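# model this:
(chains A and B, ligands or ions: 2)
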Amino acid sequence: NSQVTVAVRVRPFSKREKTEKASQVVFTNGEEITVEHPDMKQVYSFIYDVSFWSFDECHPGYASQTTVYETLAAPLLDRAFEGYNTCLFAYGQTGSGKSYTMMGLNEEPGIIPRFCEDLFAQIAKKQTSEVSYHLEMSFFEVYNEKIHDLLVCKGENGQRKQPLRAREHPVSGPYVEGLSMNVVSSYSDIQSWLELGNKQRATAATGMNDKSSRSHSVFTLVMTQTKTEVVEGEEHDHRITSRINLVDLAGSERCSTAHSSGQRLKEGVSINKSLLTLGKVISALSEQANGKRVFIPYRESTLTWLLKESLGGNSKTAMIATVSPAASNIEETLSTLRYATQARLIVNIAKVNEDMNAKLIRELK
Amino acid sequence: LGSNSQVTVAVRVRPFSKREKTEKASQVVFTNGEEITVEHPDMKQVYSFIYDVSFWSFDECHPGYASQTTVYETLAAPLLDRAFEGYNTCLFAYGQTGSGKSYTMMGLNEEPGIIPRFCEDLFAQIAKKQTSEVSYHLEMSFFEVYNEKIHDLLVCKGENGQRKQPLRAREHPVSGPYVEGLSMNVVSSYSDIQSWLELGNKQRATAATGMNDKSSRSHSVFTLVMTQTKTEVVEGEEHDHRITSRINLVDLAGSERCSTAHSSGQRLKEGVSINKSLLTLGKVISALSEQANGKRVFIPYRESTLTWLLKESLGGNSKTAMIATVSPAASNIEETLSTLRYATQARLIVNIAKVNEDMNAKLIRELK
Ligand SMILES: Nc1ncnc2c1ncn2[C@@H]1O[C@H](COP(=O)(O)OP(=O)(O)O)[C@@H](O)[C@H]1O
Ligand SMILES: Nc1ncnc2c1ncn2[C@@H]1O[C@H](COP(=O)(O)OP(=O)(O)O)[C@@H](O)[C@H]1O
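Numbers count the residues shown, from 1 in each chain, chains lettered A, B, ... in the order given. Ligands and ions are numbered 1, 2, ... in the order given. The relevant structure is shown in the block below.
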């Protein structure tokens, strides 16, 4: 089997929201995230695999950064050190708390640095001069189904981002023609590459934020593990490689509540199509794991086509969604809750928790 | 509702008037202590009546003289006791013109009536039981009925040829009838009560007539709302059990024949309205007294604003007391007889009073 671990991070209230007294609409009951519109009408309920209640630091089950890491990412490291492939998707709207979860701040670090440093630590523990490791990484983006390299020195002129193309190797699967790769030995030599890429990544000001993401981003870390057998015959030939993919996805963005035209419209359509195809892929993989063999439409998008070998077979996939609990963003949070979901979401009416002043059926009983 | 509180009736004989001394009127009402005997001056026929209480303010030095404070300490103080217990209470006057209803209820500056003593005793009792467990909240209103319209006495008018803004009455399904828009003022002390009362009595309508040079030509209802917020022994929130009580003190106008107090126009109009209201009240009293004897009877509450707003006091849910005021002059023997007959008919009324815990259908209900 190869299942898909879907998870959700409920951001806590920010200072602006506490000052405006923006009321809470996303609540938890443990194994369920519930949405109760302030009108107290159709109450939505979603059952995921893992729920991260980062809402209030004193509530039971408080999802710290270390908690989230040990919950989702570390099994991907343990899997990578077995010779299998791993993929971590990050989805969320802007302001929902996605970068906090993936990257982190100067303090309270996130999945990216935690995974990197724990990886290097386990590498050091497993170094013997009988077993060796090599780490090579790349970082690229997808924009209107065209691939661009993020680690390339570029000047200022018109239409400078030269598009690369995907190609299918019969054994190794799909790849990008002309994409650069760079060798690493720590995290301090990853940070300066990521900071070079995230400045070339496409952005544009919109009704949601003046600096939003408008292109999918893939950071791929390729590990090669070399072994040697003591039979005096297998000279540095036992090779096994693994790929860890970390994919920052852009938001859906409805073109109805944002009157747009031209390039922003095109970007939204492309992003939307990519997300739809990714959802089809994840659902079909879930069905495959539950037994019924199906056809995965990998080929309907550059992202899925390039990530084909990292979302199938003997592999591990995780999808971290990030949602905000404020009532000011019902449509986006529900859009992000309806998206990241493999099972069936249930809806009811639950304004009848006010039967008689904290029901008090204790009296009736 | 496990009770039956009988309406408590009193009678007060006022002294001879200037008018009734100018006309050489005789004495026809007498007492033997607790009973009240009335005699026609023709020496033809005698009647007797018996009440729960009877007062005798005919002469200062006579035996049994029931002064203003004695009337208070006999009637109004138990109503304050029940108000502190948690019951709604009502005290209303009745009588012919010039009987002395406004005097008995409000009084003069040198002889305060029942209201300035009730409110003062209330605040004084509070000052001894305002401990840490229980707090108190007091609101007041004071409204008027004039030509079947409702007016507020505790506002300062504008200045126009017409500055009597009429309110309307409504029927809440649970709380019963009430007045829409009535200024309910939060009170702190007896001095504030007195200020509001002065303003209201200065705003109330009056006029000179042939039987009262300062006549009470409008019905007046004085409402107090007292909320005692007490505390249980709690692991959480204190001050979590409240009891409410409404005290309604009512000064009504007198019958008044149009020929005796000869005056035309607005005086006649408002006298007619007064007469109509009194008729409807009499019908209500008779119908309740007939209910008390086991018959199926319909109470005409809706035929007048007065009874409509007092629906919960003449019957319903509150402890009620009536004060009939009579004159000993022989010239008014018929009206004295009518008043006394309605009063003794009122003793048969039985109201179902309950405590306003505001805990029934909440927790004390199934607790007990
Ligand atoms: N677990 C958390 N606790 C407190 N604040 C958080 C948490 N997660 C996210 N945030 C807040 O979210 C903000 C990041 O939002 P932003 O990065 O603009 O959205 P996005 O990640 O979608 O671009 C941070 O300023 C941070 O204060
Ligand atoms: N017990 C009493 N002692 C002295 N005066 C009285 C007494 N009862 C009535 N009066 C006199 O009767 C007059 C009219 O009383 P009032 O209450 O205004 O009658 P109404 O029922 O018309 O309001 C007052 O001026 C008052 O002096």
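
# need the residues of the stretch 151-300 of chain A near ligand 1, please.
Not one residue of the stretch 151-300 of chain A sits near ligand 1, judged by C-beta under 6 Å from any ligand atom. To be clear about C-beta, it is placed using only N, CA and C from the backbone, and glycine gets the same treatment.

# try 8 Å
A:209, A:213, A:251 (C-beta under 8 Å from any ligand atom).

# list the residues that contact the residue in the stretch 1-150 of chain A positioned nearest to ligand 1.
Taking C-beta to the nearest ligand atom, ligand 1 has its nearest neighbour within the stretch 1-150 of chain A at residue A:97, 2.9 Å off. By C-beta atoms under 8 Å, 6 or more residues apart in numbering or on different chains, residue A:97 lies in contact with A:9, A:11, A:54, A:322, A:324.

# whatever residue of the stretch 251-365 of chain A ends up closest to chain B: how many residues sit nearby?
Nearest residue of the stretch 251-365 of chain A to chain B (C-beta to the nearest C-beta) works out as residue A:363 at 4.2 Å. Residues within reach of residue A:363, counting by other C-beta atoms under 10 Å in any protein chain shown, total 13.

# tell me the bridge partners for the most centrally placed residue in chain A.
Note on chain A: the residue nearest the mean C-alpha position is residue A:90, at 1.7 Å, using C-alpha atoms, centre = their mean. On the basis of DSSP bridges, residue A:90 is bridged to residue A:248, residue A:320.

# one more: residue A:220?
Beta-bridge pairing for residue A:220 (DSSP bridges): residue A:138, residue A:245.

# how about the strands of the stretch 201-350 of chain A, start to end?
Assigned by DSSP state E, counting those that start in this stretch, the strands in the stretch 201-350 of chain A fall at A:203-204, A:212-213, A:216-227, A:238-248, A:315-323, A:346-348.

# from those, which stretch is densest packed?
Most buried of the strands of the stretch 201-350 of chain A, by mean neighbour count (mean count of other C-beta atoms under 10 Å in any protein chain shown): strand A:315-323, with a mean of 24.

# tell me the angle it makes with strand A:238-248.
Using axes from the mean of the first three to the mean of the last three C-alpha atoms, to 10 degrees, one finds that strand A:315-323 and strand A:238-248 are set 20 degrees apart in direction.

# what's near enough to touch residue A:88?
Per C-beta under 8 Å, 6+ apart, neighbours of residue A:88: A:72, A:73, A:76, A:111, A:244, A:245, A:246, A:247, A:317, A:318, A:319, A:320.

# now the residues you listed in JSON lines, with distance to ligand 2?
Below are those laid out as JSON lines (distance: C-beta to the nearest ligand atom, whole Å):
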{"residue": "A:72", "distance to ligand 2": "86"}
{"residue": "A:73", "distance to ligand 2": "90"}
{"residue": "A:76", "distance to ligand 2": "94"}
{"residue": "A:111", "distance to ligand 2": "87"}
{"residue": "A:244", "distance to ligand 2": "97"}
{"residue": "A:245", "distance to ligand 2": "96"}
{"residue": "A:246", "distance to ligand 2": "92"}
{"residue": "A:247", "distance to ligand 2": "91"}
{"residue": "A:317", "distance to ligand 2": "92"}
{"residue": "A:318", "distance to ligand 2": "88"}
{"residue": "A:319", "distance to ligand 2": "85"}
{"residue": "A:320", "distance to ligand 2": "83"}
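
# near chain B too, which of the contacts of residue A:97?
With C-beta under 8 Å from any C-beta of the partner chain as the criterion, the contacts of residue A:97 include none near chain B.

# count of neighbours near the residue in the stretch 151-300 of chain A positioned nearest to chain B?
Nearest residue of the stretch 151-300 of chain A to chain B, counting by C-beta to the nearest C-beta: residue A:208, 42.9 Å away. When neighbours are counted by other C-beta under 10 Å, residue A:208 registers 15.

# which residue ranges of the stretch 51-200 of chain A form strands?
So, for the stretch 51-200 of chain A - with DSSP E, counting those that start in this stretch - the strands run A:85-92, A:132-143, A:146-149, A:166-169, A:173-176, A:182-184.
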